[PDB]
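Undergrad: Take this structure first; my questions come after.
All Cβ positions, even for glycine, are placed from backbone atoms using ideal geometry, and neighbour counts span all protein chains on display. Nothing in this text is a laboratory measurement; each read-out follows from the coordinates by a stated rule.
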Amino acid sequence: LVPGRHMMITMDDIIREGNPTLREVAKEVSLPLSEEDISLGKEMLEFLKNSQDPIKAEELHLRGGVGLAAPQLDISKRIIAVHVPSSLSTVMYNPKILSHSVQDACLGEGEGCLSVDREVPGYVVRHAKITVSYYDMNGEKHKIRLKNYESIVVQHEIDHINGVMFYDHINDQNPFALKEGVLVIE
Ligand SMILES: [Fe+3]
Ligand code: NA
Ligand code: NA
């Protein structure tokens, strides 16, 4: 009567700051995608969506997030997923930024990260606009231009597959330093 099966990412699966895995440069995924890499991708997206629904997030004790990277699950593979409420909801395999605007931006409230628990003061300067290239679960290759929030989320996730944490962009002694005309989103 009941079809197939799958797993569900639980908060315990998300490793925390200090875990060395978060600092490695994730490995490139092989194509065509394995049924294992496709599943992980799906498990990652289900999570983000789940963490964003009050009832599910609550019943499943999840912390809301809009982006996630395989390394955070302790899987060093270049795979990320983003789910931005109404607009952008996909899994990206071997994502790579091909170009960016000169214009910079940042989240006025500061970026979040399921992997860090401490509160980190400051602004993280990002490219207002970017063009990302990657592969979906089908094997289809995509090239898309993103801006503002979505651009920030993706840049934040790709940093993860390169062993980079958001607070690495924050000048510890001048946390809120910003150049002129930087678009602060909030
Ligand atoms: Fe993060
Ligand atoms: Na898992
Ligand atoms: Na973020």
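Undergrad: What does the charge dipole of the chain about its Cα centre add up to, to the nearest 20 debye, if the Cβ of each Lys and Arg holds +1 and the Cβ of each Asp and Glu holds -1?
TA: 620 debye
Undergrad: Could you tell me what % of all Cα pairs in the chain have separations over 31 Å?
TA: Counting every Cα pair in the chain, those more than 31 Å apart make up 14 percent.
Undergrad: Within segment 1-74, which GluC sites (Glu not before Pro) sit in a loop by DSSP and count at most 15 neighbouring Cβ atoms inside 10 Å?
TA: Sites meeting the loop and neighbour criteria: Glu17, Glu24, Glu28.
Undergrad: Counting pairs on different chains as well as pairs 8 or more places apart, how many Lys pairs in the chain have Cα atoms under 14 Å apart?
TA: So the count of such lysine pairs works out to 8.
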